[PDB]
Amino acid sequence: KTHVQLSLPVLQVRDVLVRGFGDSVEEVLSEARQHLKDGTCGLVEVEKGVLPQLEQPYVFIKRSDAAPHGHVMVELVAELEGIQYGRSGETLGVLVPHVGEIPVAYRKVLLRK
């Protein structure tokens with residue numbers, strides 16, 4: 001399927017144990033997609049002071065359209081040293097590995113895969 005319904009655990013930035021997906025734009029997009037498939041991906045909501053506490057390159061989920069079955073359609077955009085790879089809508093948050101951190105909420109998304 002071109003899209004997959006996922007329910008992403010929303011993590012507090014100070015709880016996150018693994019603060020990015022890797023060392024290159026291509027690796028972080030690769031690893032993010034793998035962790036989304038495997039159900040091992042968390043979401044951090046972006047506010048003042050969040051991104052400096054996480055590791056670049058960043059992987060964002062961005063709204064791709066204006067929401068089937070309560071799932072916002074999203075796609076992946078990476079960022080490194082102020083340059084983004086991809087073009088999409090509003091950021092819903094930054095993706096990180098999930099390794100058992102307790103979430104505060106869930107974000108239902110329809111991921112363009």
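Values quoted throughout were computed directly from the atomic coordinates according to the rules given, and no laboratory measurement underlies them. Backbone-built Cβ (ideal geometry, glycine too); neighbour counts: all protein chains shown.
Please enumerate the residues belonging to the stretch 1-21 that are surrounded by fewer than 16 Cβ atoms within 10 Å (Cβ to Cβ) and among the small types (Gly, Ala, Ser).
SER7
Scan (1) within 13 Å of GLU79 (Cα to Cα); (2) under 11 Å from the mean Cα position of the chain (by Cα) for the single condition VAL10 breaks and write down its number.
(1)
Out of everything in the stretch 66-113 that is acidic (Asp, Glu) and on the phi < 0 side of the Ramachandran plot, what residue ends up being nearest to the chain's Cα centre (by Cα)? Don't jump to the end; show me each part of the working.
Here is the first cut: in the stretch 66-113, the ones acidic (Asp, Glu) are 75, 79, 81, 90, 101.
With on the phi < 0 side of the Ramachandran plot added as a condition, the list becomes 75, 79, 90, 101.
Numbers: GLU75: 9, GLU79: 12, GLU90: 13, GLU101: 15 Å.
Looking at residues that are acidic (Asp, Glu) and on the phi < 0 side of the Ramachandran plot, I get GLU75.
Taking the criterion of being surrounded by 16 or more Cβ atoms within 10 Å (Cβ to Cβ) and over 13 Å from the mean Cα position of the chain (by Cα), would at least one residue in the stretch 25-40 satisfy it?
yes
Cβ-Cβ distance below 7 Å, separation of 6 or more or different chains: which pairs start in the stretch 52-81 with a residue that is buried (at least 16 other Cβ atoms within 10 Å of the Cβ) and end on one that is part of a strand (DSSP E or B) and of a type in the set (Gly, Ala, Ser)?
Final answer for the pair search is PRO57/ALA78; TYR58/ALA78; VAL59/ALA78; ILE61/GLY93.
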